[PDB]
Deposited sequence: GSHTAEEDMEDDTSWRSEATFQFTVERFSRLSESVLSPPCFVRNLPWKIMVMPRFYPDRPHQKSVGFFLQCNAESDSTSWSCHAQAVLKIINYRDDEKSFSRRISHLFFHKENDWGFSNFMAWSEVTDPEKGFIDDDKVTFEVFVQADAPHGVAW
């Protein structure tokens, strides 16, 4: 159910080589909160990859600590997929966490590396979150 303490979800960004603004995935519910993958170009230059939690809510009383593995899938060889880990207390003022320079833009878009196909790149997040505070009192 949406109350699950962990989940793995993916989001495929299309027309990747042309990305010029931040893109957000639909929500994946964990601990009954909406988690989303956020991808943004940073300085072409590098791919920004962040995990976002409960950003839409106007609440300023919530908090949720979680650990996660952010990974860019290599479709040719999963062992070649690139991942980084995070641990963060998410709350209204710090509702997303990740890396502005997750991977070099030239590497992810290299047609011979295995991360891009038909100008599509798939991002994956495995999030393990603790019970949130200040939400479902």
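J.: Numbered from 1 along the deposited sequence, what ranges are absent from the coordinates?
T.: Sequence ranges with no C-alpha atoms are 1 to 12, 56 to 61.
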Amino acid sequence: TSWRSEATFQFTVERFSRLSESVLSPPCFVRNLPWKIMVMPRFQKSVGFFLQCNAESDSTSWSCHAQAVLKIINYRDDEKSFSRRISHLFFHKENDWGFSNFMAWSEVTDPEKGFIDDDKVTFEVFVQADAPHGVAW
From here on, numbers count along this sequence of modelled residues.
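J.: If you average the CA temperature factors over each stretch, which comes out higher, 89 to 97 or 74 to 82?
T.: Between 74 to 82 and 89 to 97, it is 74 to 82 that shows the higher mean C-alpha B-factor.
J.: Which is higher on mean Cα B factor in this entry, 60 to 68 or 106 to 114?
T.: The stretch with the larger mean CA B-factor is 106 to 114.
J.: Can you work out whether the C-alpha temperature factor of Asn54 puts it in the lowest, middle or highest third of the chain?
T.: For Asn54, whose C-alpha B-factor we compare with every modelled residue in the chain, the answer is the lowest third.
J.: Where does the C-alpha B-factor of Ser25 rank in its chain, lowest, middle or highest third?
T.: Lowest third - that is where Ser25 ends up once the chain's C-alpha B-factors are sorted.
J.: Which third of the chain holds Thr122 when residues are ordered by C-alpha B factor: lowest, middle or highest?
T.: Lowest third.
J.: Where does the C-alpha B-factor of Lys36 rank in its chain, lowest, middle or highest third?
T.: It falls in the bottom third of the chain.
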